[PDB]
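A quick write-up on the structure given underneath.
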Amino acid sequence: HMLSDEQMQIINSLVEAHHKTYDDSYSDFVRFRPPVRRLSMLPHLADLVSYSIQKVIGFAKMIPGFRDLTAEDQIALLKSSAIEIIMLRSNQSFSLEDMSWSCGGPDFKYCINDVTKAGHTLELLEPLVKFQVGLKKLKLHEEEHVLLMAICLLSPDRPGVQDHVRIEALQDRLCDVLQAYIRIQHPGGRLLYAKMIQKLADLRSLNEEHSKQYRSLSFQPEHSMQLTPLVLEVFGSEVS
Amino acid sequence: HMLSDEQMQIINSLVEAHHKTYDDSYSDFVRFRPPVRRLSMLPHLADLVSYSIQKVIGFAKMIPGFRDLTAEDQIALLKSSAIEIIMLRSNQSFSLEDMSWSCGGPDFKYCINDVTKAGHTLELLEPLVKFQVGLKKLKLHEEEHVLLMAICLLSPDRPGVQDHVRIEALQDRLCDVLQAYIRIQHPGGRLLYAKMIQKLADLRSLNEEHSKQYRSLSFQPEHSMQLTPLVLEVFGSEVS
Amino acid sequence: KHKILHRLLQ
Amino acid sequence: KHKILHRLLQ
Ligand SMILES: C=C1/C(=C\C=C2/CCC[C@]3(C)[C@@H](C#CC#C[Si](C)(C)C)CC[C@@H]23)C[C@@H](O)C[C@@H]1O
Ligand SMILES: C=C1/C(=C\C=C2/CCC[C@]3(C)[C@@H](C#CC#C[Si](C)(C)C)CC[C@@H]23)C[C@@H](O)C[C@@H]1O
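Residue numbers (the entry's author numbering), protein chains in the order written: chain A, 154 to 190, 251 to 453; chain A', 154 to 190, 251 to 453; chain B, 686 to 695; chain B', 686 to 695. A prime marks a further copy of an entry chain.
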């Protein structure tokens, strides 16, 4: 009926870690290769994703216990989940009014058509945008948003993980926190927890579709040469 | 005493190939990650070099006979010589008045200090700038500039080449052309040919120093991650 | 393998 | 190896 002292600590450090790795001013975006509207948007969006992967690694390293995993498991979890955390964290710039991601300036406003010009089809972009509006309607508390990112990252059902028992226990503790938080602190959220777990399921499907479309891009060197070294390493298929 | 018909053909196709791969408007530079003046200039300069490597590959493919080499030799020659062709072709933007490369706008004006902020020391930048002013004073004809780039690229004394005999014969024919051109068409150039061959020697020394300093950058992943996939492939040490 | 990731993971 | 170079060399 009331959040434990250790549960709120988990929340505090997750919230701080998110504020430390998500810049609401988006001022860093000017450093990316500019947008062009072939695949005219592939250079800017590749820089956007690469920058975001660095943020997700920074967030991950501040989840309680993630750092104490082996370096192999840390990589396994990041390589499988990175695109999912990006889709999740991007909800913070998504707008229902424009059905797009608005990152400050109009040059950093990304329509669906912008993403197609980066090598992606409606097969991915249709369910991605539906995922964003539905996640947006949930009206998540900041505490809930960050817990969902952390739960998604700490999934033991990823290819490559070895310490299944440890990762599951971490993820369990995070779900208990989320469930308690919603119960105590979110009025009218008796159905929210289930809805959020459903969004995790949607992310697996978006991940699958993104992986398929990334694969075709990376098999064409005139496109893959536009990617960054971090993108190719993280979304690549090498195994540690 | 007069240029043969086949010698001028070589000149014509080299000149055209250079005009097709060198844009005097520099308008493409706005697509690079912007300059910042750590290694604040490493992203822009890495994009500059990557773009330029593509131009050198385009130039190379139009040298008579280069395309008829094996794909291995073409790569061997490009991997060893690429940085030398870039230093040579950059003379076209170098200015004696500013001791810098001026590519149109002031944001694309590169001082010595700009290059240090990309991870390079005066060990390289001192002889590089001296190389530029001296090559600039030669006042090369366009025909001579392009022949020197082609002779530099077709050197058989590169690590990795296998068809030594073929490449040397190509390079021989190009030197004969250069020697004849200077004799017939360059008044007061009785000493120019030797001077140019000396500049090729200077390029080997700049190449060595650049390779040493590239190596230390590429061993630090926080810097190497800023490079592009083409840079890492061409300046990398993998062997075909 | 994963040179950059290792670096980023400290 | 040299995937991009091969591509660029046609
Ligand atoms: C990424 C974020 C933001 C927006 C996310 C976006 C908008 C642009 C298109 C993207 C990137 C989609 C895609 C794709 C792709 C690709 Si590619 C060709 C490199 C495999 C996946 C998420 C989409 C902005 C801000 O909220 C920070 C957040 O982190
Ligand atoms: C390149 C060209 C131009 C200028 C050349 C420049 C100026 C910037 C610094 C450079 C690039 C030096 C350096 C270095 C480095 C590095 Si790096 C950290 C990626 C191993 C080598 C040549 C230098 C402009 C135009 O004339 C086209 C021409 O092609």
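Where a beta carbon is used, it is the ideal one built from N, C-alpha and C, also for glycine.
Quick check: what's the CA-CA separation for residue i versus residue j?
i: A:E421; j: A:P187; result: 28 Å
i: A:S418; j: A':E446; result: 34 Å
i: A':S294; j: A:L367; result: 48 Å
i: A':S450; j: A':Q267; result: 18 Å
i: A:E357; j: A:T441; result: 32 Å
i: A:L309; j: A:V346; result: 6 Å
i: A:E339; j: A:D311; result: 15 Å
i: A:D320; j: A:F307; result: 15 Å
i: A':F432; j: B:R692; result: 11 Å
i: A:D415; j: A:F344; result: 7 Å
i: A:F279; j: A:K322; result: 33 Å
i: A':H333; j: A:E159; result: 50 Å
i: A:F182; j: A:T174; result: 14 Å
i: A:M300; j: A:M362; result: 10 Å
i: A:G402; j: A:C324; result: 31 Å
i: B':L690; j: A:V189; result: 25 Å
i: A':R371; j: A':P400; result: 33 Å
i: A:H154; j: A':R184; result: 56 Å
i: A':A382; j: A':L404; result: 24 Å
i: A':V378; j: A':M161; result: 24 Å
What does a CB cutoff of less than 8 Å around residue i pick up in its chain, not counting 5 residues either side in sequence?
i: A':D376; result: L282, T283, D286
i: A:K352; result: none
i: A:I364; result: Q384, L387, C388, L391, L413
i: A:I380; result: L282, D286, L290, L367, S368, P369, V374
i: A':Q398; result: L156, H354, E356
i: A:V444; result: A259, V262, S263, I266
i: A:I410; result: none
i: A':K408; result: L351
i: residue 231 of chain A; result: Regarding the residue in question, residue 231 of chain A is not represented: chain A runs 190 and then 251, omitting everything in between.
i: A':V342; result: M312, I325
Nearest by alpha-carbon distance to residue i: which of the options is it?
i: A':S315; options: A':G402, A':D177, A':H172, A':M438; result: A':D177
i: A':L335; options: A':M155, A':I164, A':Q426; result: A':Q426
i: A:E297; options: A:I270, A:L309, A:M312; result: A:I270
i: A:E435; options: A:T174, A:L156, A:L252; result: A:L252
i: A':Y179; options: A':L360, A':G318, A':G401, A':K349; result: A':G318
i: A':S437; options: A':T174, A':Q162, A':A331; result: A':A331
i: A:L430; options: A:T329, A:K349, A:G401, A:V378; result: A:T329
i: residue 752 of chain B; options: A:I288, A:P372, A:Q305, A:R371; result: Chain B is shown from 686 up to 695; residue 752 of chain B falls before or after that span and cannot be answered.
i: B':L694; options: A':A273, A':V452, A':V342, A':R184; result: A':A273
i: A':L348; options: A':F185, A':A382, A':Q305; result: A':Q305
From the DSSP secondary-structure annotation, give me the bridge partner or partners of residue i.
i: residue 242 of chain A; result: Between 190 and 251, chain A has no modelled residues, and residue 242 of chain A is one of the positions in that gap.
i: A':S313; result: A':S308
i: B:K686; result: BP columns for B:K686 are empty, so no partner.
i: A:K322; result: A:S315
Might you give, ordered along the chain, the residues of its own chain that have their beta carbon closer than 7 Å to the beta carbon of residue i, omitting 5 neighbours on each side?
i: A':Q439; result: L255, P256, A259
i: A':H423; result: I296, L337
i: A':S303; result: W314
i: A:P277; result: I163, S166
Which residues in the same chain as residue i place their Cβ atom closer than 6 Å to its Cβ, once the five residues preceding and following it in sequence are excluded?
i: A:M275; result: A170
i: A:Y406; result: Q392, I395
i: A:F448; result: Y427
i: A:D327; result: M254
i: A':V359; result: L167, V168, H171
i: A:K292; result: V447
Next on the checklist: To be precise: take each residue of the region 422 to 444 of chain A', compare its Cβ to all Cβ atoms of chain B, and keep it if any distance is under 7 Å. Which residues remain?
Outcome noted: Answer set for the region 422 to 444 of chain A': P434, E435, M438.
Next on the checklist: Under 9 Å, CB to CB, which of the residues in the region 176 to 190 of chain A have a partner in chain A'?
Outcome noted: The residues in question are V183, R184, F185, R186, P187, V189.
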